[PDB]
């Protein structure tokens, strides 16, 4: 029996950096939705464990905020407007899986805040929160400065919106089992490991980001992790806690890293160029995601 399924989400579901991309040539070209994202790979793994997903839509797309689940997404350069991801759900939809939230928190603006390299033109959406404060001072800015309060505001919007996201699912796919996928760990518990460049890399995992800024960045992912877990417990969703088991597959775990580096090259080629990972899962990190996700679904369908 087919399990009608809809895959939704942001750059961690679409798997920015893995190529080839689906819709290469059409407007959804700018979602940077790998053909082989954790959704594709989980589907296959599940199939040979005999679980048959009949995938109805995979509308993950990069840069997607939580409210793009219910508002139009505007793709860069005039690519166009994509319709609300809620539009993919059907009443007969029985399983919904995706990660949404990092962008509403605005983890991209926290990266650019801590890095002037990142403050120049890049395909990473967003602006520094305070573009006048200097990259270097960023571990203060969010720990003691104005950033500290900007964080609690964002975190308040994030909880209200995940609750709302959980409720439209419940409204439109009333029979649907909801799986919220958490983000894997970016920085390890021992930041000193970030101080070395990964085997075969010339740049550091997090480029020009002050080493003192790394533990704040984890503090802030921990939080977002907890916000997401709560959101799901309280909304009747299941959560795939990727952070808790990626403690040795971070950005900084050398060749066991599951997060491609900030400036490291993805597989994405735009004119004769690799576009960097930008802190997104890599092949290893995408296999963990697929595995952990395939694991929960199986659990949940039994």
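Residue numbers count along the first chain shown, from 1.
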item: Mean C-alpha temperature factor, higher of 130-138 and 90-98; value: 130-138
item: Comparing 74-82 with 103-111, the one whose average Cα B-factor in the PDB entry is higher; value: 74-82
item: Residue with maximal Cα B-factor (values as given in the PDB entry) among 166, 228, 124, 187; value: 124
item: Per the PDB entry, maximal CA B factor within 118, 181, 173, 224; value: 118
item: Relative C-alpha B-factor of residue 289, binned into the chain's lowest, middle or highest third; value: lowest
item: B-factor third for the C-alpha atom of residue 253 within its chain; value: highest
item: Lowest, middle or highest third - CA B-factor, residue 241; value: lowest
item: Ranked against its chain, the third holding the CA B-factor of residue 43; value: lowest
item: Lowest, middle or highest third - CA B-factor, residue 37; value: lowest
